[PDB]
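Student: Got a file for you: final-v9.csv, CSV, C-alpha atoms and all ligand atoms.
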chain,number,residue,atom,x,y,z
A,87,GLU,CA,-16.1,-36.2,-19.0
A,88,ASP,CA,-18.3,-33.6,-20.5
A,89,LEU,CA,-15.9,-30.9,-22.0
A,90,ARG,CA,-14.4,-31.8,-25.4
A,91,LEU,CA,-11.0,-30.7,-26.5
A,92,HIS,CA,-10.6,-28.4,-29.6
A,93,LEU,CA,-7.1,-27.5,-30.7
A,94,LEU,CA,-6.9,-24.0,-32.1
A,95,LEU,CA,-7.5,-23.9,-35.9
A,96,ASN,CA,-4.9,-21.1,-36.0
A,97,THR,CA,-2.0,-23.4,-35.2
A,98,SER,CA,0.4,-20.4,-35.0
A,99,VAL,CA,-1.1,-19.7,-31.6
A,100,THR,CA,0.9,-22.3,-29.6
A,101,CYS,CA,1.8,-23.7,-26.2
A,102,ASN,CA,5.4,-23.2,-25.0
A,103,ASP,CA,6.9,-25.9,-27.2
A,104,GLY,CA,5.1,-24.8,-30.4
A,105,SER,CA,2.3,-27.4,-30.2
A,106,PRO,CA,-1.2,-25.9,-30.8
A,107,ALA,CA,-3.0,-24.4,-27.8
A,108,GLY,CA,-6.7,-25.2,-27.4
A,109,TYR,CA,-9.8,-25.2,-25.2
A,110,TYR,CA,-12.3,-27.7,-23.8
A,111,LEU,CA,-15.9,-26.9,-24.6
A,112,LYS,CA,-19.3,-28.1,-23.4
A,113,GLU,CA,-22.1,-26.2,-25.1
A,114,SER,CA,-25.4,-25.5,-23.5
A,115,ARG,CA,-27.9,-24.8,-26.3
A,116,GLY,CA,-30.1,-21.9,-25.7
A,117,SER,CA,-28.0,-20.5,-22.8
A,118,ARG,CA,-26.6,-17.2,-23.7
A,119,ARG,CA,-24.0,-17.3,-20.8
A,120,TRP,CA,-20.4,-18.3,-21.6
A,121,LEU,CA,-17.9,-19.1,-18.9
A,122,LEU,CA,-14.2,-19.1,-20.1
A,123,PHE,CA,-12.0,-20.4,-17.4
A,124,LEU,CA,-8.2,-19.8,-17.3
A,125,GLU,CA,-6.2,-22.7,-15.7
A,126,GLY,CA,-3.3,-21.8,-13.4
A,127,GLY,CA,0.0,-23.4,-12.5
A,128,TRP,CA,2.8,-21.0,-11.6
A,129,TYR,CA,5.1,-19.8,-14.5
A,130,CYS,CA,8.7,-20.0,-15.6
A,131,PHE,CA,10.9,-17.0,-16.4
A,132,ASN,CA,14.2,-18.2,-17.9
A,133,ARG,CA,15.5,-21.0,-20.1
A,134,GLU,CA,16.8,-23.0,-17.1
A,135,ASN,CA,13.6,-23.0,-15.1
A,136,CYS,CA,11.4,-23.4,-18.2
A,137,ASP,CA,13.6,-26.4,-19.3
A,138,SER,CA,13.0,-27.9,-15.8
A,139,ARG,CA,9.3,-27.3,-16.1
A,140,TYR,CA,9.3,-29.0,-19.5
A,141,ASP,CA,10.7,-32.2,-17.9
A,142,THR,CA,8.2,-32.7,-15.1
A,143,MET,CA,5.3,-30.3,-15.8
A,144,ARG,CA,5.0,-30.8,-19.5
A,145,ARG,CA,1.2,-30.7,-19.8
A,146,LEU,CA,1.6,-27.0,-18.7
A,147,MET,CA,3.9,-26.4,-21.7
A,148,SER,CA,2.5,-28.6,-24.5
A,149,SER,CA,-0.7,-30.0,-25.8
A,150,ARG,CA,0.9,-33.2,-27.1
A,151,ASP,CA,-0.4,-35.3,-24.2
A,152,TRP,CA,-3.7,-33.6,-23.5
A,153,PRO,CA,-6.7,-35.9,-23.1
A,154,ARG,CA,-9.6,-35.5,-25.5
A,155,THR,CA,-12.0,-34.7,-22.7
A,156,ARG,CA,-12.1,-33.2,-19.2
A,157,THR,CA,-14.8,-33.3,-16.5
A,158,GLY,CA,-16.2,-29.9,-15.6
A,159,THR,CA,-15.9,-29.4,-11.8
A,160,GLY,CA,-17.0,-26.6,-9.4
A,161,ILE,CA,-18.1,-23.6,-11.4
A,162,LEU,CA,-17.5,-25.6,-14.5
A,163,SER,CA,-19.9,-28.3,-13.5
A,164,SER,CA,-23.2,-28.6,-15.3
A,165,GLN,CA,-25.0,-30.1,-12.3
A,166,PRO,CA,-27.0,-27.6,-10.2
A,167,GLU,CA,-26.1,-29.6,-7.1
A,168,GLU,CA,-22.4,-28.9,-7.6
A,169,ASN,CA,-22.7,-25.5,-9.3
A,170,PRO,CA,-25.7,-23.5,-8.0
A,171,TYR,CA,-24.4,-20.4,-9.8
A,172,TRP,CA,-24.0,-21.2,-13.5
A,173,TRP,CA,-24.8,-24.9,-14.1
A,174,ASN,CA,-26.6,-24.2,-17.3
A,175,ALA,CA,-23.9,-22.1,-19.0
A,176,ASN,CA,-21.7,-22.8,-21.9
A,177,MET,CA,-18.5,-24.1,-20.3
A,178,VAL,CA,-15.0,-23.5,-21.6
A,179,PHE,CA,-11.8,-24.7,-19.9
A,180,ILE,CA,-8.7,-23.1,-21.4
A,181,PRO,CA,-5.5,-25.1,-20.5
A,182,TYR,CA,-2.6,-23.1,-19.2
A,183,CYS,CA,0.3,-24.1,-21.5
A,184,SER,CA,2.2,-20.8,-21.9
A,185,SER,CA,3.8,-20.5,-18.4
A,186,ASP,CA,3.5,-16.7,-18.6
A,187,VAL,CA,0.6,-15.8,-16.3
A,188,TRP,CA,-1.5,-15.4,-19.6
A,189,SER,CA,0.5,-12.3,-20.5
A,190,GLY,CA,2.8,-13.4,-23.4
A,191,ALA,CA,2.7,-12.5,-27.1
A,192,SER,CA,5.9,-14.0,-28.4
A,193,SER,CA,6.3,-16.9,-30.8
A,194,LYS,CA,8.9,-19.7,-30.7
A,195,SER,CA,11.5,-18.8,-33.3
A,196,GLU,CA,15.2,-18.6,-34.2
A,197,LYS,CA,15.8,-16.5,-31.1
A,198,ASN,CA,13.2,-18.1,-28.7
A,199,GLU,CA,13.4,-21.7,-27.5
A,200,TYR,CA,9.8,-21.3,-26.2
A,201,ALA,CA,6.7,-19.5,-27.3
A,202,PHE,CA,4.9,-17.4,-24.6
A,203,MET,CA,1.5,-16.7,-26.2
A,204,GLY,CA,-1.0,-16.6,-23.2
A,205,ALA,CA,-2.6,-13.3,-24.2
A,206,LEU,CA,-2.9,-14.4,-27.8
A,207,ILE,CA,-4.3,-17.8,-26.8
A,208,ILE,CA,-7.2,-16.1,-25.0
A,209,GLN,CA,-7.9,-13.9,-28.0
A,210,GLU,CA,-7.8,-16.8,-30.4
A,211,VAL,CA,-10.1,-19.0,-28.2
A,212,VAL,CA,-12.6,-16.1,-28.1
A,213,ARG,CA,-12.3,-15.6,-31.9
A,214,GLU,CA,-12.9,-19.3,-32.7
A,215,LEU,CA,-15.8,-19.5,-30.1
A,216,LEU,CA,-17.7,-16.8,-31.9
A,217,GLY,CA,-18.4,-19.2,-34.7
A,218,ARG,CA,-19.6,-21.9,-32.2
A,219,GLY,CA,-22.3,-19.8,-30.5
A,220,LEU,CA,-20.4,-17.1,-28.6
A,221,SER,CA,-21.7,-14.6,-31.2
A,222,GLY,CA,-25.1,-15.0,-29.5
A,223,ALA,CA,-23.9,-14.5,-25.9
A,224,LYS,CA,-25.3,-11.9,-23.5
A,225,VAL,CA,-22.6,-12.4,-20.8
A,226,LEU,CA,-19.0,-13.7,-21.2
A,227,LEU,CA,-17.5,-14.4,-17.8
A,228,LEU,CA,-13.7,-14.7,-18.0
A,229,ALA,CA,-12.7,-16.6,-14.9
A,230,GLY,CA,-9.5,-18.2,-13.7
A,231,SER,CA,-7.6,-19.6,-10.7
A,232,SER,CA,-4.1,-18.8,-9.4
A,233,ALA,CA,-2.0,-17.7,-12.4
A,234,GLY,CA,-5.3,-17.8,-14.3
A,235,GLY,CA,-6.9,-15.4,-11.8
A,236,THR,CA,-4.1,-13.0,-12.4
A,237,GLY,CA,-4.7,-13.7,-16.1
A,238,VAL,CA,-8.3,-12.6,-15.8
A,239,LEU,CA,-7.1,-9.2,-14.4
A,240,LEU,CA,-4.5,-8.9,-17.2
A,241,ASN,CA,-6.9,-9.9,-20.1
A,242,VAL,CA,-10.6,-9.1,-19.2
A,243,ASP,CA,-10.5,-5.6,-20.7
A,244,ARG,CA,-8.7,-6.9,-23.8
A,245,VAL,CA,-11.4,-9.4,-24.4
A,246,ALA,CA,-14.0,-6.7,-24.1
A,247,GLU,CA,-12.1,-4.5,-26.5
A,248,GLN,CA,-11.7,-7.4,-28.9
A,249,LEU,CA,-15.4,-8.1,-29.0
A,250,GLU,CA,-16.2,-4.4,-29.4
A,251,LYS,CA,-13.9,-4.2,-32.4
A,252,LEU,CA,-15.2,-7.4,-34.0
A,253,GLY,CA,-18.7,-5.9,-33.9
A,254,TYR,CA,-20.2,-7.6,-30.8
A,255,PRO,CA,-20.9,-4.7,-28.4
A,256,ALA,CA,-23.9,-6.5,-26.8
A,257,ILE,CA,-21.8,-9.2,-25.1
A,258,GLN,CA,-21.1,-8.1,-21.6
A,259,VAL,CA,-17.6,-9.2,-20.7
A,260,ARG,CA,-17.0,-9.7,-16.9
A,261,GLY,CA,-14.1,-11.1,-14.9
A,262,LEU,CA,-13.9,-13.6,-12.0
A,263,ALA,CA,-10.3,-13.6,-10.6
A,264,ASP,CA,-9.8,-16.5,-8.1
A,265,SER,CA,-6.6,-16.6,-6.0
A,266,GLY,CA,-4.8,-14.2,-8.4
A,267,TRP,CA,-4.7,-11.2,-6.1
A,268,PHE,CA,-1.1,-11.0,-4.7
A,269,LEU,CA,0.8,-8.5,-2.6
A,270,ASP,CA,4.3,-7.3,-3.5
A,271,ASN,CA,5.2,-7.4,0.2
A,272,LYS,CA,8.3,-8.2,2.2
A,273,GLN,CA,9.3,-11.8,2.5
A,274,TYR,CA,9.2,-13.2,6.0
A,275,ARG,CA,12.8,-14.5,5.5
A,276,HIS,CA,14.6,-12.7,2.6
A,284,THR,CA,15.3,-17.1,-4.3
A,285,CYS,CA,13.7,-14.8,-6.9
A,286,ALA,CA,11.0,-12.8,-5.0
A,287,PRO,CA,7.5,-11.9,-6.2
A,288,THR,CA,8.6,-8.9,-8.2
A,289,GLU,CA,11.9,-9.8,-9.8
A,290,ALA,CA,10.5,-13.0,-11.2
A,291,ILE,CA,7.6,-11.0,-12.9
A,292,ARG,CA,10.1,-8.3,-14.0
A,293,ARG,CA,12.3,-11.0,-15.7
A,294,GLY,CA,9.2,-12.8,-17.0
A,295,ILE,CA,7.8,-9.8,-18.8
A,296,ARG,CA,11.1,-9.4,-20.8
A,297,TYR,CA,11.4,-13.1,-21.4
A,298,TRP,CA,7.8,-13.6,-22.4
A,299,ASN,CA,7.3,-10.2,-24.2
A,300,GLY,CA,4.5,-9.9,-21.7
A,301,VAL,CA,1.6,-7.4,-22.1
A,302,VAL,CA,-0.5,-5.7,-19.5
A,303,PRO,CA,-3.8,-3.7,-19.6
A,304,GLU,CA,-3.3,-0.4,-21.5
A,305,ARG,CA,-4.5,2.0,-18.8
A,306,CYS,CA,-2.3,0.3,-16.2
A,307,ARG,CA,0.6,0.4,-18.6
A,308,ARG,CA,0.1,4.1,-19.1
A,309,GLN,CA,0.3,4.7,-15.4
A,310,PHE,CA,3.4,2.7,-14.6
A,311,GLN,CA,5.1,3.2,-18.0
A,312,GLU,CA,8.1,1.4,-19.6
A,313,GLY,CA,10.1,-0.9,-17.4
A,314,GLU,CA,7.5,-0.8,-14.6
A,315,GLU,CA,4.7,-2.9,-16.2
A,316,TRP,CA,5.4,-5.7,-13.6
A,317,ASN,CA,3.2,-3.5,-11.3
A,318,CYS,CA,0.2,-4.5,-13.4
A,319,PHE,CA,0.5,-8.1,-12.3
A,320,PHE,CA,-0.6,-7.1,-8.8
A,321,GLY,CA,-4.3,-7.0,-8.3
A,322,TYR,CA,-4.6,-4.0,-6.1
A,323,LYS,CA,-2.7,-1.9,-8.7
A,324,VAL,CA,-4.3,-3.1,-11.9
A,325,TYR,CA,-7.9,-3.5,-10.7
A,326,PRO,CA,-8.6,0.3,-10.4
A,327,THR,CA,-7.6,0.7,-14.0
A,328,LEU,CA,-10.1,-1.9,-15.3
A,329,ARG,CA,-13.4,-1.1,-16.9
A,330,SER,CA,-15.0,-4.5,-17.0
A,331,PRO,CA,-16.8,-5.6,-13.8
A,332,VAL,CA,-14.5,-8.0,-11.9
A,333,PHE,CA,-15.4,-10.2,-8.9
A,334,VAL,CA,-12.3,-11.0,-6.8
A,335,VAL,CA,-12.0,-14.2,-4.8
A,336,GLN,CA,-9.0,-14.4,-2.5
A,337,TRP,CA,-8.2,-16.3,0.6
A,338,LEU,CA,-6.8,-13.9,3.1
A,339,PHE,CA,-3.9,-16.2,3.9
A,340,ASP,CA,-3.3,-17.6,0.4
A,341,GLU,CA,-0.8,-20.5,0.4
A,342,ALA,CA,0.9,-19.3,-2.8
A,343,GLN,CA,1.3,-15.8,-1.3
A,344,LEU,CA,2.9,-17.4,1.8
A,345,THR,CA,5.1,-19.6,-0.4
A,346,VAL,CA,6.6,-16.6,-2.3
A,347,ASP,CA,6.9,-14.9,1.1
A,348,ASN,CA,9.1,-17.9,2.3
A,349,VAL,CA,6.6,-18.9,5.0
A,350,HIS,CA,6.4,-22.6,5.8
A,351,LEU,CA,3.9,-23.9,8.4
A,355,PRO,CA,4.2,-23.7,17.3
A,356,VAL,CA,4.1,-20.3,15.6
A,357,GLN,CA,6.1,-17.7,17.5
A,358,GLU,CA,5.6,-14.0,17.8
A,359,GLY,CA,7.4,-12.7,14.7
A,360,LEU,CA,5.6,-15.1,12.4
A,361,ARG,CA,2.3,-14.7,14.1
A,362,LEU,CA,2.6,-10.9,13.6
A,363,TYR,CA,3.7,-11.5,10.0
A,364,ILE,CA,0.6,-13.7,9.2
A,365,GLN,CA,-1.8,-11.3,11.0
A,366,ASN,CA,-0.4,-8.3,9.2
A,367,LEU,CA,-0.7,-10.1,5.8
A,368,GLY,CA,-4.4,-10.8,6.4
A,369,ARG,CA,-4.9,-7.2,7.4
A,370,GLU,CA,-3.1,-5.9,4.3
A,371,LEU,CA,-5.1,-8.2,2.0
A,372,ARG,CA,-8.3,-7.1,3.7
A,373,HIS,CA,-7.3,-3.5,3.2
A,374,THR,CA,-6.7,-3.9,-0.5
A,375,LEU,CA,-10.2,-5.3,-0.9
A,376,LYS,CA,-12.0,-2.5,1.1
A,377,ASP,CA,-13.0,-0.7,-2.1
A,378,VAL,CA,-13.6,-3.8,-4.3
A,379,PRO,CA,-17.4,-4.0,-4.3
A,380,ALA,CA,-17.7,-7.6,-5.6
A,381,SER,CA,-15.3,-9.8,-3.6
A,382,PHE,CA,-15.2,-12.9,-1.5
A,383,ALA,CA,-12.3,-13.2,0.9
A,384,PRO,CA,-12.4,-15.8,3.6
A,385,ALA,CA,-9.9,-16.0,6.5
A,386,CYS,CA,-8.4,-19.3,5.4
A,387,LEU,CA,-5.0,-20.8,4.7
A,388,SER,CA,-5.7,-22.3,1.2
A,389,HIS,CA,-5.3,-21.8,-2.5
A,390,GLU,CA,-7.8,-21.7,-5.4
A,391,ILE,CA,-11.5,-22.5,-5.0
A,392,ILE,CA,-13.8,-22.0,-8.0
A,393,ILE,CA,-13.2,-25.3,-9.8
A,394,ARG,CA,-13.1,-27.4,-6.6
A,395,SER,CA,-16.1,-29.7,-6.4
A,396,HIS,CA,-16.8,-28.6,-2.8
A,397,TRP,CA,-16.5,-24.9,-3.6
A,398,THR,CA,-20.1,-24.4,-2.3
A,399,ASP,CA,-19.1,-25.2,1.3
A,400,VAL,CA,-17.2,-22.0,2.3
A,401,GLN,CA,-19.2,-19.1,3.6
A,402,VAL,CA,-18.4,-15.5,4.6
A,403,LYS,CA,-20.9,-13.9,7.0
A,404,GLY,CA,-23.2,-16.8,6.1
A,405,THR,CA,-23.1,-16.4,2.3
A,406,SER,CA,-21.5,-18.9,0.0
A,407,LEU,CA,-19.5,-18.0,-3.0
A,408,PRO,CA,-22.1,-19.3,-5.5
A,409,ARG,CA,-24.7,-17.1,-3.7
A,410,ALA,CA,-22.4,-14.1,-3.8
A,411,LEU,CA,-21.8,-14.6,-7.5
A,412,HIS,CA,-25.6,-14.9,-8.1
A,413,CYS,CA,-26.0,-11.6,-6.2
A,414,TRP,CA,-23.4,-10.1,-8.4
A,415,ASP,CA,-25.4,-11.2,-11.4
A,416,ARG,CA,-28.5,-9.5,-10.0
A,417,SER,CA,-26.5,-6.3,-9.2
A,418,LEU,CA,-25.5,-6.1,-12.9
A,419,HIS,CA,-29.1,-6.4,-14.2
A,427,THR,CA,-28.3,0.2,-4.7
A,428,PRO,CA,-27.5,-3.0,-2.7
A,429,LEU,CA,-29.8,-6.0,-2.6
A,430,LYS,CA,-31.8,-7.1,0.4
A,431,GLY,CA,-30.1,-10.2,1.8
A,432,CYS,CA,-28.0,-10.7,-1.4
A,433,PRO,CA,-24.5,-9.3,-0.6
A,434,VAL,CA,-21.6,-9.1,-3.1
A,435,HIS,CA,-18.9,-7.7,-0.8
A,436,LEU,CA,-17.9,-10.5,1.6
A,437,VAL,CA,-14.5,-10.0,3.3
A,438,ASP,CA,-13.7,-11.8,6.6
A,439,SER,CA,-12.5,-9.6,9.4
A,440,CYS,CA,-11.2,-12.2,11.8
A,441,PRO,CA,-7.4,-12.2,11.9
A,442,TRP,CA,-6.1,-15.9,11.8
A,443,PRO,CA,-6.4,-18.8,9.4
A,444,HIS,CA,-9.5,-20.9,10.0
A,445,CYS,CA,-11.1,-18.3,12.3
A,446,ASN,CA,-13.8,-18.9,9.7
A,447,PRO,CA,-15.3,-22.3,10.6
A,448,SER,CA,-16.3,-23.0,7.0
A,449,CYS,CA,-12.6,-23.0,5.8
A,450,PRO,CA,-11.5,-25.9,3.6
A,451,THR,CA,-10.5,-28.8,5.9
A,452,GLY,CA,-7.5,-30.0,3.8
A,501,LIG,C1,0.7,-20.1,-7.8
A,501,LIG,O1,0.4,-18.8,-8.1
A,501,LIG,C2,0.7,-18.3,-9.3
A,501,LIG,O2,1.0,-19.1,-10.2
A,501,LIG,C3,0.7,-16.9,-9.6
A,501,LIG,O3,0.1,-16.4,-10.5
A,501,LIG,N1,1.5,-16.0,-8.8
A,501,LIG,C4,2.3,-16.4,-7.7
A,501,LIG,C5,2.9,-15.2,-7.1
A,501,LIG,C6,2.4,-14.0,-8.0
A,501,LIG,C7,2.6,-12.7,-7.9
A,501,LIG,CL1,3.6,-12.1,-6.6
A,501,LIG,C8,2.0,-11.8,-8.8
A,501,LIG,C9,1.2,-12.3,-9.9
A,501,LIG,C10,1.0,-13.7,-9.9
A,501,LIG,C11,1.6,-14.5,-9.0
A,502,LIG,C1,-3.2,-16.5,-36.3
A,502,LIG,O1,-2.7,-15.9,-35.1
A,502,LIG,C2,-1.7,-14.9,-35.3
A,502,LIG,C3,-1.2,-14.5,-33.9
A,502,LIG,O2,-2.2,-14.1,-33.1
A,502,LIG,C4,-2.2,-13.8,-36.1
A,502,LIG,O3,-1.2,-12.9,-36.4
A,502,LIG,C5,-2.7,-14.3,-37.4
A,502,LIG,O4,-3.4,-13.3,-38.1
A,502,LIG,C6,-3.7,-15.4,-37.2
A,502,LIG,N1,-4.1,-16.0,-38.5
A,502,LIG,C7,-5.4,-16.4,-38.8
A,502,LIG,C8,-5.6,-17.0,-40.2
A,502,LIG,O5,-6.3,-16.2,-38.0
How does the structure come out when it is put into structure tokens?
Ligand SMILES: COC(=O)C(=O)n1ccc2c(Cl)cccc21
Ligand SMILES: *[C@@H]1O[C@H](CO)[C@@H](O)[C@H](O)[C@H]1NC(C)=O
Tutor:
Amino acid sequence: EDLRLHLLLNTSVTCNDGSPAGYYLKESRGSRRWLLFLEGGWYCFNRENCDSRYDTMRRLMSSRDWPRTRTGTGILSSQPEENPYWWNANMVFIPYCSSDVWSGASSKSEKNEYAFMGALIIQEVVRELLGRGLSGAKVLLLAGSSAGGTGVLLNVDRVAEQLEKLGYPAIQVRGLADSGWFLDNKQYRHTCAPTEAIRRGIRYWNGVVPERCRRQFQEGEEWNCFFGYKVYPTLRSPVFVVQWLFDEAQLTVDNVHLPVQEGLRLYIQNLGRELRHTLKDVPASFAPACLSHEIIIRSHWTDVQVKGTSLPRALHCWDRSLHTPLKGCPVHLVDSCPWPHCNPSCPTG
């Protein structure tokens, strides 16, 4: 139970229900690497579905019942056996309690039953960490899984700009977006689809998107910036993208529920090809042909390989690339085989 809870000293930066947001921290003295991980866990986009989430997913909306410690797992583990990549880093787990894909900047008030402060939670965690050693960092890796991976894409440049404005231009801000790279495609069977939900959420949350992406799609169309293949080209920070080709959350929002017949076989194969296409020009990426969801904080995240390279190895190669491609140390790893578990190293379930 190595990461210790700190509730935000600025108690106006809150979870959905107005309780203080926070972060779990395990410091590594003398490491200048900082890993800030954004938890995932879907979202809610109106009073009714947020009220339901408050009843049976309350830890995702409130800090009142958070434990005082959490154990770092996967990329948040401090044991080299479990985390070959960054076991010696300063470790931060930021609980997802804003239900807004880390995009919101609205307080709970007279007019708002819930606060949606995800974007501000990230800025406040960064601000308070500077006094706990982040000021001496050389790399800040903003990582995240599922809604947290989309949160990385939405916030990594804002963290870089925040540190630049606060007078810390030496800190290299980077992003690692795990299972947050979704397609606004056709559902397999046509209730709120992966487009309308984000459209409603933005209004309900007062959600904010990266500025260059906002300037392309403009008012009313900022929902576009929640989609990795649209927002990624606008980003300036280096971002490593981890995405299963047949992501279970993607299939869920596509109304696919797994003897597969022709129509569904073609649908699933087309989905993998489309995902693979959107990553063709993403130089740092890890995209195995598996039916799964999330990876980087799983204890067995070291097991999966693409073309014989594990994700911890790919991330280490990425680190080296950010010191021409490296001999035997690849960073672009996208499966080409066209069906779930055509990669033998896929998670077993
Ligand atoms: C469980 O997965 C999530 O919680 C999540 O973040 N998402 C699920 C669909 C989706 C889309 Cl379509 C765009 C951006 C984020 C999305
Ligand atoms: C607390 O956070 C709010 C919202 O981000 C901000 O407006 C305010 O300046 C902060 N206050 C302090 C004392 O940091």
Student: Write out as a ChimeraX atom specification which residues come within 7 Å of range 130-141 of chain A when counting all atoms listed in the file, dropping same-chain ones fewer than 3 positions away.
Tutor: /A:144,147,185-186,290,293-294,297
Student: So that each row is one residue of chain A with an atom at most 9 Å from ligand LIG 501 (chain A), can you give its shortest atom pair and the distance in Å to one decimal, using only C-alpha atoms and all ligand atoms, rows by chain and rising number, as a Markdown table?
Tutor:
| residue | atom | partner | partner_atom | distance |
| --- | --- | --- | --- | --- |
| A:126 | CA | A:LIG501 | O2 | 6.0 |
| A:127 | CA | A:LIG501 | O2 | 5.0 |
| A:128 | CA | A:LIG501 | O2 | 3.0 |
| A:129 | CA | A:LIG501 | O2 | 6.0 |
| A:185 | CA | A:LIG501 | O2 | 8.8 |
| A:186 | CA | A:LIG501 | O3 | 8.8 |
| A:187 | CA | A:LIG501 | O3 | 5.9 |
| A:231 | CA | A:LIG501 | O3 | 8.3 |
| A:232 | CA | A:LIG501 | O1 | 4.7 |
| A:233 | CA | A:LIG501 | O3 | 3.1 |
| A:234 | CA | A:LIG501 | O3 | 6.7 |
| A:235 | CA | A:LIG501 | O3 | 7.2 |
| A:236 | CA | A:LIG501 | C10 | 5.7 |
| A:237 | CA | A:LIG501 | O3 | 7.9 |
| A:265 | CA | A:LIG501 | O1 | 7.6 |
| A:266 | CA | A:LIG501 | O3 | 5.8 |
| A:267 | CA | A:LIG501 | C9 | 7.1 |
| A:268 | CA | A:LIG501 | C7 | 5.2 |
| A:269 | CA | A:LIG501 | CL1 | 6.1 |
| A:270 | CA | A:LIG501 | CL1 | 5.8 |
| A:271 | CA | A:LIG501 | CL1 | 8.4 |
| A:286 | CA | A:LIG501 | CL1 | 7.6 |
| A:287 | CA | A:LIG501 | CL1 | 3.9 |
| A:288 | CA | A:LIG501 | CL1 | 6.1 |
| A:290 | CA | A:LIG501 | CL1 | 8.3 |
| A:291 | CA | A:LIG501 | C8 | 7.0 |
| A:316 | CA | A:LIG501 | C8 | 8.5 |
| A:317 | CA | A:LIG501 | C8 | 8.8 |
| A:318 | CA | A:LIG501 | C9 | 8.6 |
| A:319 | CA | A:LIG501 | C9 | 4.9 |
| A:320 | CA | A:LIG501 | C8 | 5.4 |
| A:321 | CA | A:LIG501 | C9 | 7.8 |
| A:341 | CA | A:LIG501 | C1 | 8.3 |
| A:342 | CA | A:LIG501 | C1 | 5.1 |
| A:343 | CA | A:LIG501 | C5 | 6.0 |
| A:345 | CA | A:LIG501 | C5 | 8.3 |
| A:346 | CA | A:LIG501 | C5 | 6.2 |
| A:347 | CA | A:LIG501 | CL1 | 8.8 |
| A:389 | CA | A:LIG501 | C1 | 8.2 |
| A:390 | CA | A:LIG501 | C1 | 9.0 |
Student: Give me, please, the distance in Å between CA of residue 221 in chain A and CA of residue 175 in chain A, quoted to one decimal.
Tutor: 14.5 Å
Student: Which residues are near residue 442 in chain A? Cut-off 9 Å, all atoms listed in the file, ignore same chain within fewer than 5 positions. Put them as a PyMOL selection string.
Tutor: chain A and resi 338-339+361+364-365+368+385-387
Student: Using all atoms listed in the file, what table do you get, as a tab-separated table, when you list each residue of chain A with an atom no more than 10 Å from ligand LIG 502 (chain A), its nearest pair of atoms, and their distance in Å rounded to one decimal, rows by chain then rising number?
Tutor:
residue	atom	partner	partner_atom	distance
A:94	CA	A:LIG502	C1	9.4
A:95	CA	A:LIG502	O5	8.1
A:96	CA	A:LIG502	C1	4.9
A:97	CA	A:LIG502	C1	7.1
A:98	CA	A:LIG502	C1	5.5
A:99	CA	A:LIG502	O1	5.4
A:100	CA	A:LIG502	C3	9.2
A:191	CA	A:LIG502	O2	7.9
A:192	CA	A:LIG502	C3	9.0
A:193	CA	A:LIG502	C3	8.5
A:203	CA	A:LIG502	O2	8.2
A:205	CA	A:LIG502	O2	8.9
A:206	CA	A:LIG502	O2	5.4
A:207	CA	A:LIG502	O2	7.6
A:208	CA	A:LIG502	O2	9.7
A:209	CA	A:LIG502	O2	7.7
A:210	CA	A:LIG502	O2	6.8
A:213	CA	A:LIG502	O5	8.6
A:214	CA	A:LIG502	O5	9.0
Student: Using all atoms listed in the file, find the one residue out of A:229, A:334, A:257, A:239 that sits nearest to residue 304 in chain A.
Tutor: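 Ranked by minimum distance to residue 304 in chain A, first place goes to A:239.
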Student: Expressed in Å to a single decimal, how great is the separation between CA of residue 226 in chain A and CA of residue 120 in chain A?
Tutor: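 Interatomic distance, CA of residue 226 in chain A to CA of residue 120 in chain A: 4.8 Å.
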Student: Per residue of range 320-415 of chain A within 12 Å of range 151-158 of chain A, which atom pair is closest and at what distance in Å (one decimal), using only C-alpha atoms, listed by chain and increasing number, as CSV?
Tutor:
residue,atom,partner,partner_atom,distance
A:392,CA,A:158,CA,11.2
A:393,CA,A:158,CA,8.0
A:394,CA,A:158,CA,9.8
A:395,CA,A:158,CA,9.2
Student: List as a VMD selection string the residues having at least one atom at most 12 Å from position (-26.1, -23.6, -7.6) as given in the file, counting all atoms listed in the file.
Tutor: chain A and resid 160 to 175 395 to 399 406 to 412
Student: Could you write those residues out with C-alpha atoms, as a CSV table (one decimal), in the coordinates of the input?
Tutor:
chain,number,residue,atom,x,y,z
A,160,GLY,CA,-17.0,-26.6,-9.4
A,161,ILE,CA,-18.1,-23.6,-11.4
A,162,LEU,CA,-17.5,-25.6,-14.5
A,163,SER,CA,-19.9,-28.3,-13.5
A,164,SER,CA,-23.2,-28.6,-15.3
A,165,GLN,CA,-25.0,-30.1,-12.3
A,166,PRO,CA,-27.0,-27.6,-10.2
A,167,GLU,CA,-26.1,-29.6,-7.1
A,168,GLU,CA,-22.4,-28.9,-7.6
A,169,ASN,CA,-22.7,-25.5,-9.3
A,170,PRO,CA,-25.7,-23.5,-8.0
A,171,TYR,CA,-24.4,-20.4,-9.8
A,172,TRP,CA,-24.0,-21.2,-13.5
A,173,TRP,CA,-24.8,-24.9,-14.1
A,174,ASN,CA,-26.6,-24.2,-17.3
A,175,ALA,CA,-23.9,-22.1,-19.0
A,395,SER,CA,-16.1,-29.7,-6.4
A,396,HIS,CA,-16.8,-28.6,-2.8
A,397,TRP,CA,-16.5,-24.9,-3.6
A,398,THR,CA,-20.1,-24.4,-2.3
A,399,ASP,CA,-19.1,-25.2,1.3
A,406,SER,CA,-21.5,-18.9,0.0
A,407,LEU,CA,-19.5,-18.0,-3.0
A,408,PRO,CA,-22.1,-19.3,-5.5
A,409,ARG,CA,-24.7,-17.1,-3.7
A,410,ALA,CA,-22.4,-14.1,-3.8
A,411,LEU,CA,-21.8,-14.6,-7.5
A,412,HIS,CA,-25.6,-14.9,-8.1
